[PDB]
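To keep things clear, I will list the structure first and then write my remarks on it.
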Amino acid sequence: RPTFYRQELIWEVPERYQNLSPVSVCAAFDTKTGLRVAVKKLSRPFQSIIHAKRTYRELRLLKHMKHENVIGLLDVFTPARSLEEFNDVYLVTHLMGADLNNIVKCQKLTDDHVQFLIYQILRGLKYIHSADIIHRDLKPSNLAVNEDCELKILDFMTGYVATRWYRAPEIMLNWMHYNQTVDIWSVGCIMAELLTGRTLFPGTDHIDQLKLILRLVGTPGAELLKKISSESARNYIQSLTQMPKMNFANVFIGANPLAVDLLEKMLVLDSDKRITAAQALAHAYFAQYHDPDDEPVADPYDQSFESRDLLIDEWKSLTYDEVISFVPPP
Ligand SMILES: O=c1ncn2nc(Sc3ccc(F)cc3F)ccc2c1-c1c(Cl)cccc1Cl
Ligand SMILES: [Cl-]
């Protein structure tokens, strides 16, 4: 057990972590690794069963993720000396220093920067999806980028808000039980924005955003309507005047036509027929970056705990076990 010191920004961290300042997330200098780090404090982690399960979920996810393009755990600690006093979880990872919004604002991007940036999302996404994990909330603010344009994926709704602009229609409107290609829709929205500098579907609300979406990709055909299990949702869509799919070369004028092709494969209304991350990486657009030998998959991820109903203290004991058994990367 290392020595801890206290400071109010209350944060109680091992002395290896120095020069803490706010970003509940702090930036710090890790003196063991020489890396700048983001330290997240989970403050009321075992408050309800919902909360206690969420802490356990977060820790498990972060402990599993060992990929260059996914946020992993450099360290996890608690100032607590026993399960009895255990009540704080601190999570340490690499500091990148900016998200993807803080990147288009600062510089104009080449088709090359877009390639490298989207390649990295799909590479980490191939990895996340291989462990049968769905991000569900991919957005430029959940993408951590450093100065070398290297990228890591992090985390895992009313009106004119960015929180909803990148969501697949089937999830935004609870159409069906959704797969991992909801994340591919999100990448499509992100990619488009990188090429145009403008949000793809900046709807003022859920319906407006659906209209924007259907204007580009067309109204659903007979087959996808069948797959919409929400009878309420299916019934509304059919009230809309049929629209065909727009020409994407006319929407994304002057774009690398390979980039246009990949956007068409990504932004398919029927989630069953979207391109997967594994497939998208093999797309001609990433010929420059693609290396099937350097695009690894994840180890088995056991999420059978998700189906389990447990009392607060049980989720907390599980979380604790996971804290104390943590072995740092090397
Ligand atoms: O560069 C970053 N790298 C990591 N994170 N992590 C987190 S949260 C987190 C997750 C897992 C940890 F182990 C620890 C945590 F703190 C939040 C931001 C962040 C950034 C970052 C910064 Cl420092 C400024 C502006 C935008 C971003 Cl996306
Ligand atoms: Cl805009």
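Read the numbers this way: they start at 1 and go in the same order the structure lists the ligands and their atoms. Only this structure's heavy atoms are used, side chains among them; waters, hydrogens and symmetry mates stay out. The chain is numbered in sequence order, starting from 1.
Using a cutoff of 4.0 Å between basic side-chain nitrogens and carboxylate oxygens, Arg123 and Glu68 are scored as salt-bridged. Salt bridge annotation for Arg198-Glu193: absent, with no cationic side-chain nitrogen under 4.0 angstrom from a carboxylate oxygen. One finds a salt bridge joining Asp75 and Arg16 here, because a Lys/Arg side-chain nitrogen approaches an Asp/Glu carboxylate oxygen to under 4.0 Å. Checked for salt-bridge contact, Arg274 and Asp270 miss the test: no charged N lies under 4.0 Å from a carboxylate O. Look at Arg36 and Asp30 and you find no salt bridge, because none of the NZ, NE, NH1 or NH2 atoms lies under 4.0 Å from a carboxylate O. Taking a cutoff of 4.0 Å between a charged side-chain nitrogen and a carboxylate oxygen, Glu58 and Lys40 qualify as a salt bridge.
Among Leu95, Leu154, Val92, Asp99, the residue whose heavy atom sits closest to atom 26 (C) of ligand 1 is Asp99. The residue among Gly97, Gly72, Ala38 with a heavy atom at the shortest distance from atom 19 (C) of ligand 1 is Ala38.
What sits closest to atom 4 (C) of ligand 1 on the protein, heavy atoms only, is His94 O, 3.4 Å. Among all non-hydrogen protein atoms, the one lying nearest atom 12 (C) of ligand 1 is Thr93 CG2, 3.5 Å. In this structure, the protein non-hydrogen atom closest to atom 14 (C) of ligand 1 is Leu91 O, 3.2 Å. Given atom 15 (C) of ligand 1, the protein heavy atom at minimum distance is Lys40 CB, 3.5 Å.
Taking every heavy atom of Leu73 and a limit of under 4.0 angstrom, the matching atoms of ligand 1 come to 13 (F).
Contact annotation for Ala98 and ligand 1: only backbone heavy atoms (N, CA, C, O) come within less than 4.0 Å of the ligand. Only side-chain heavy atoms of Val25 come within less than 4.0 Å of ligand 1; its backbone N, CA, C and O stay farther off.
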- Item | Trace of the salt bridge (charged side-chain N to carboxylate O under 4.0 Å, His left out) decision for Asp88 with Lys41 | CA-CA 7 Å; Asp88 299 289; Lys41 181 185 180 175; 3.8 Å; yes
- Task: Carefully, step by step, assess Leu310 and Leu318 under the rule side-chain contact (heavy atoms from CB on, under 4.5 Å).
- Result: CA-CA 10 Å; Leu310 291 169; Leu318 286 187; 3.9 Å; yes
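Considering backbone and side-chain atoms alike, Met96 places an N or O below 3.5 Å from some N or O of ligand 1.
Within the 4.0 Å cut-off (strictly below), a protein heavy atom is located near atom 17 (C) of ligand 1.
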